[PDB]
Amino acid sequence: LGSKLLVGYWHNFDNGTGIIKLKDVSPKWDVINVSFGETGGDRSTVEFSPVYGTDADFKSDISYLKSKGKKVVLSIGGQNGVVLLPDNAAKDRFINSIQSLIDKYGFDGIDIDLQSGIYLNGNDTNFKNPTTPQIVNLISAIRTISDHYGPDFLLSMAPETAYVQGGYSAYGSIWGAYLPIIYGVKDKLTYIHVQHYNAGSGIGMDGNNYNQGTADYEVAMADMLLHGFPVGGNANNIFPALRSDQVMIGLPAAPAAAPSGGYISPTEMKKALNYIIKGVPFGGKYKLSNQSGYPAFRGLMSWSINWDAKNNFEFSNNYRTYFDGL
């Protein structure tokens, strides 16, 4: 896996942007997050069927990409996905159904993109030791699935900001709810790409409010994970820094990819990237915690490959050239 990645979500569906067959995906993407595994009635058995091709065709397309150095990852969740693991039985259905799918298609890893059904219960106050079954069991399942595969099974996650940086303001309900998951699987975690979009405003470690889609916002939000931060207003409850190589930023490929805002122009985003990676500022209001940068910052994720293809390949072309240019 390269040191500066472009991770692109791939639509296993036509939402009007069309279907791109796997071999027609731009090689600028290093990792392809196939979207999405979802559940039926039991909310625990994950299901997936390719939007084009026989199962064997799709598996073959995945093998081809892998032969080219690309990673093809199964994403679980997104917008409409629901996974509920109230008990061990549900956890086991989740584990087994996901392993079967990885075995069936040869996926390189999994991406956790669960955006519903995840809450810190009352009394669940310690991110190092969660008590909410959904959280405890998700952690357990993720470790178990990761441990079912070889030395470079890829694990990623794409939580919304409330679940992560939100933990700076509160710890309970959705606020900070992915912190225990991140912490619980950090030794297996390849990288996390929080969704810096459909997000409104975020509070930086300088206590200031930042608006999504601005360079300052992107730096302030990433710095939380790069530096670590106190949780829920408690100076004595510090969430530790992840490895810089575990930190990515998730962005919309085009304005329309995130209908509630979040899109940032590459020209503005490169300002943020230069500051995060090299400690080179751009006259912004946010001050980076390490003013000489975090060189090992892992790269950018985008929703999505399909949106990118529809937007003059702006995201993939701009950021591949930027990262290659470093």
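A residue's number is simply how far along the shown sequence it sits, counting from 1.
Checked against the record, the higher mean CA B factor of 61-69 and 253-261 lies with 61-69. Between the stretches 18-26 and 5-13, it is 18-26 that shows the larger average CA temperature factor. Of the candidates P133, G117, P159, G167, it is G117 whose Cα B-factor is highest according to the PDB record. For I95, the recorded CA temperature factor ranks within the middle third of the chain's modelled residues. When the CA B factors of the chain's modelled residues are split into thirds, the value for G213 lands in the middle one. Split the chain's modelled residues into thirds by C-alpha temperature factor. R143 is in the middle one.
In the deposited entry, the Cα temperature factor of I203 places it in the highest third of its chain's modelled residues. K278: CA B factor in the middle third of modelled residues in this chain (values from the PDB entry).
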